[PDB]
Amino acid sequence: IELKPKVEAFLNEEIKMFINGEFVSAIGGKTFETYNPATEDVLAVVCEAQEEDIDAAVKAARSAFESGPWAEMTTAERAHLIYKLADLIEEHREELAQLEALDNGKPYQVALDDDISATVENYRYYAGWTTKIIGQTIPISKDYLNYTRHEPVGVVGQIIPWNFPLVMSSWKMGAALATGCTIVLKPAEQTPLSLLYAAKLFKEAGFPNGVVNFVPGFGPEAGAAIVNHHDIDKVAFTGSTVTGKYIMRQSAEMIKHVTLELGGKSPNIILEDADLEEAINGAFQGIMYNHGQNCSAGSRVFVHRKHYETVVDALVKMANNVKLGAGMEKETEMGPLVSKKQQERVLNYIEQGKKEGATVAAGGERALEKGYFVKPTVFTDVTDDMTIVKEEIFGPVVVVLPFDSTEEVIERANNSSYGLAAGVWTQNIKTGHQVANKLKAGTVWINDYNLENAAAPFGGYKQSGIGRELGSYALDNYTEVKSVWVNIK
């Protein structure tokens, strides 16, 4: 796949930040590098945000929230800006998908069809909410008029990760912008290009200066400055369960609202009456989609004993057949992990699996000459206390376990600190709904897997998070409820 003229032009220069409407370098001129994970080459050199640039972005956001066009503008006008942004993202679909395949590592075609169209659709959907963020009129007594106002919190601080970079930026900004908030967003050090290219689309659509501010860099500096900034009203984060604790601890000094989307160890359960063909594909896609770098991956495939052998065999074959290559290569089905660090983490989870007694039915090592690749892996002969079955691996690594009863599979699926999503496969109308009701997960797919949509909320139970993104529900994280009483005698 050849590089688009516009990405070629964008990559031929240092990548600048976006603060108060202008593209800029860091105040002290620091820069960092982002890699193409298929080759290990440098892809771009990016301006690095420091504590001081984060202060400059927060000021810009604060000033755009209080005075200015963003603050005076009608709800209909604001909706139009957000919808114009989506048209532009759609105009630039090929450019964004190329950037995403190159910087993050996923196959071009799926970044075009899944990521880019999902981010488009999410802004279209949230553009419609600006005019519909309603409060209440509460009849209490004829002596008062009681109403509530859902006022945007103000300046929000957002940090997203590297696995679905552009789409993850829309999960945080669609809802936030629709309430009328102002943003200071930090992309992952591994994948800042998509959003920095998107920056020019926020300007072209007509976003007023400072409404949106993009700051690439590192957690120890740019991330920390976001979470600790005194003039940031609310914070939102997606990433590892470990950092969400830190962010929630640091947010306690200001009593700041928090939204957290974290890891999982989600189950995909195949009961006796499942349509096995559809469920084997679901289990396989469930873990292998996006190389398993998906918090909601169906990393624990539970299979009723009657079908266990059949699905272990089918999933091994599928695993051995996946096609590894660079994301810009047209016949690639799975790319590599995003970084040397990640490859080393997941490979180590594999060793850990091995030496704790489990077996490698497929994969279980690196792949190819260069790049951060890992062969799709299938672990068999597994136990519930094993590290590979309790902990999020973040790679194309599945663990398959047999069970004998429905009561049993429900108890084992729930026996986790995580609770993000789950899958249940059965043709029965009663057991599909019964099983989904008892599972302690934020999303449940009956006879399918890995589905998201701007309109249906997403988030975890337990240590998989606090709050929800997508749908009407995400609006509430960016709002502050005011209850007005008007005495009328």
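So that there is no doubt, residue numbering starts at 1 and follows the sequence shown.
Higher average CA B factor: 430-438, of the stretches 443-451 and 430-438.
If you average the C-alpha B-factors over 284-292 and over 247-255, the higher value belongs to 247-255. Based on the entry's C-alpha B-factors, the most elevated value among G135, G128, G353, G264 belongs to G353. Residue set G174, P208, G325, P216: peak C-alpha B-factor at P216 (per PDB entry).
Residue-level temperature factors show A422 in the lowest third of its chain, judged at the C-alpha atom. Split the chain's modelled residues into thirds by C-alpha temperature factor. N12 is in the highest one. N477 sits in the middle third of its chain by CA B factor, as recorded in the PDB entry.
Sort the chain's modelled residues by C-alpha temperature factor and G223 lands in the highest third, per the entry.
Per the PDB record, residue ranking by Cα B-factor puts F164 in the lowest third of the chain.
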